[PDB]
Each structure stands twice: as C-alpha cells, then as structure tokens.
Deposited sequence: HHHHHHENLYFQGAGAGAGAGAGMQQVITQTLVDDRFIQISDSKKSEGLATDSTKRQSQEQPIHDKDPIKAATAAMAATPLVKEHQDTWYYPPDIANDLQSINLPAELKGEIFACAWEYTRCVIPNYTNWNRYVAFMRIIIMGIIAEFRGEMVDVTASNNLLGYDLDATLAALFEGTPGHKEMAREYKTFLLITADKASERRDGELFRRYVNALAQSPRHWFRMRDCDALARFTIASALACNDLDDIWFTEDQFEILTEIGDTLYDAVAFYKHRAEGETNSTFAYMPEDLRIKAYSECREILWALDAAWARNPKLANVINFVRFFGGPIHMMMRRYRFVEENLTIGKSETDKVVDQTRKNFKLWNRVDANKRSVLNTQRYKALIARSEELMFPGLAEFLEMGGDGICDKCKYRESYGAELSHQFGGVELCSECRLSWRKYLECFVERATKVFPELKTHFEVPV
C-alpha cells in the first residue's frame, strides 16, 4: 500500500561508481539524491556539462558522509573512480573563484569523511569543532563550508555560464549566513533528535529561531527586489531560497512524506568501547596527519582555515567547555553569539548597501 520510492536521475551519471561495489539500489538513491539536490538549489542551468560536474561533486560528498574510509581527499586525487581536480575543472574552469572553490570542496570532503570515520577522534576534527565555537562569524564561515553554501552560489553562477559574477568575502558570509540560518531554523527539531552538532540554534539561542528565520527571509526578499531586472543574480537568490528549508518538502532524502507532510513540531507536541580501544592503538589522534594537512593548507583548506585551526583548535575562551582527547558555550559567549544574531539586519545592510536605497 505505502509508496516505495523509485529513483530517477539522468543517464549521464547512471554508470558512475562502476568500480565501487555498493548495492545497485543504494547507487540509484545516491544518484537520485544528487539530481534532486542540483535541481532544487540550482533550478536554472545553461551549461549541462557543468550541471553534471556538480552532480558528481554531490555524489562524492554523499558517499564521503556514509562510508568515510572510501573518500580520502588527502590520500589520492582519484575518489570513487572520478578525477577530482578534473571534475572541479569541468565545473569552474573560467570562473573567478575556481582555485578557492576547489579548496572549499576538499575541506568539505576532509571534514565530512573524517566525521564519518575513525578520524572523528583525530586531532584535525577535534580542532575543527573547537574552532567552530571561536566566534559566531567563525561558526557561520565554517557552517558555510559544511553545507557547500558559497561553493553552490559559485556552481549556480557557473552552471548558468555567469563566469564574470562574484562577491566580496563579507557578501559571501551574509548570503551563506541567510541560507544556513534559514536551513538550521527549519531543521532545528531534526538536528536535536539525530544529535547533530553543526546546527546554528544549538549555539544561537532557541528563543531567537523564529525571529532569525523571519529576518533572513525578509532581507533575502529585500535583496531580491534590489536585484530586480538582473535575471543573472536571480540564480544566487534561488540557491539561498530553495536551500533555506524548501528542500525538506521536495527531496526524497528528507522525511516530509514519512512524517505525514508536516515540517517541525507545534508548541503542544511531544519531545563503541572497542572502537575507542582499537582506535587508540592505531593512534587515532594523529598530530602528524594534522601538521601534514596544515602544510597542505594551500590545497585542502579554505583561506583562513589553517590560521583558524591553529589559533582556535584548543579553544580561545577559558569558561567555554571544548572537545578534549560539540562546544558547550559559557554564559558570556552565549550572550555575544546572541548579540551577533540580534544585529543581523545592520550587519547585512552594511555589506549590501542596495538594501537601504529601495523605492
């Protein structure tokens, strides 16, 4: 009686992973997911070879997240039978950010694969998690990377052949903050259940979730109005809008249907010993891995991440509870995070002046 999903995807990717022995049902669902994500958050395309590149970037990141052993962006440049530099070139060759985005993506595969493997207990991840909680601006920069937000703004530009359009770093940070805030606001109860740490409103105060969503949505509406008559920038708004919650309704990866076409929770609704032993013998906290990766910070890490890990890896703050061998913010850090959120509107109006010259 109850609908079983059949997986649809274009034949371009249907014979990918010919070298990987995953059940054929699971390949289909990975391919379906990659197609569904692409179409939801990049709904317009002109360049099909770029669209397909992006699909392959998502395929790898799904597999990276499900069996981290398989996807070691440090070890080789051939991942799951794909040429990673070549696939990224297929997407970004001619675009202003190619170099910085290839670094963005490799950081994503590093942290994702390490988070979904024995290397979760390793110095590198430990230092990533502590550096998350360093400041709210740091949190969002790193949240951006975990979600491939600025990476997907670029790929959206790219896939519509908009090879000349780009953004200040301040702008990228506001755009991704809007998307990540929208997404984490909608996904709050799902993140709490499954015990997800990379969630804005696990750090930011819960009492401001509804206002933050309201303001981020209003500002993106404002920003879209300001950019009216420039269909090219409509693709940057589209990424942020569809990413920011709607994909929960549209992609089979999410549970809209299994949860009776509801999102969220009303006010009146209900609320590895041996793996840790045998990992310590294999010296899981590999500092030589960490230092080796800090050495390759021009290849594997986004601009400033190496300096972020070195300064914040052990936690800057004295009263904050950090990860030792996520972060529980102290009350003075909770208040500064709160202050950073509460003045979101000013912060975005500074970086995007066009918001104040409406008519």
**Report entry** Segments lacking C-alpha coordinates (deposited sequence numbering, starting at 1)
**Finding:** 1-82, 354-361, 416-425, 460-463
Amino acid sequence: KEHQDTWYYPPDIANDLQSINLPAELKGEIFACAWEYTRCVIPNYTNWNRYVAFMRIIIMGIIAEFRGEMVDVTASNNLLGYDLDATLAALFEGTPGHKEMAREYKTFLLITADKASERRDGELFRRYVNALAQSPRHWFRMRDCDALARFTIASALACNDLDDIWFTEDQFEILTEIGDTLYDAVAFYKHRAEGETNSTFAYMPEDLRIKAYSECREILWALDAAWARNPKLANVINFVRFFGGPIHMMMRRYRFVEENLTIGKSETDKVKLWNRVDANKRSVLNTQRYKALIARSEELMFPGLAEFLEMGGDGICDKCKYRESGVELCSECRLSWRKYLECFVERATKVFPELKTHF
From here on, numbers count along this sequence of modelled residues.
Report task. Going by the average Cα B-factor in the PDB entry, point out whether 308-316 or 39-47 comes out higher. Result -> 308-316
**Report entry** Per the entry, higher mean C-alpha B factor between 125-133 and 184-192
**Finding:** 125-133
Query raised in the report: Checking the entry, which one of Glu206, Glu259, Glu218, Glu93 has the top C-alpha B factor?
Result: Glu93
**Report entry** Selection from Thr152, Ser199, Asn280, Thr176 [criterion: highest C-alpha temperature factor in the record]
**Finding:** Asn280
Query raised in the report: Considering only modelled residues of the same chain, in which third does the CA B-factor of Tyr322 rank: lowest, middle or highest?
Result: highest
Report task. Pull the Cα B-factor of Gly245 out of the PDB entry and bin it into the chain's lowest, middle or highest third. Result -> lowest
Report summary line: Assert third(CA B-factor, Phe66) within chain per record equals highest
Requested in this report: Could you look up the Cα B-factor of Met251 in the entry and say which third of the chain it sits in: lowest, middle or highest?
Outcome: lowest
Report task. Taking the chain's C-alpha temperature factors as the reference, tell me which third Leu79 falls into: lowest, middle or highest. Result -> highest
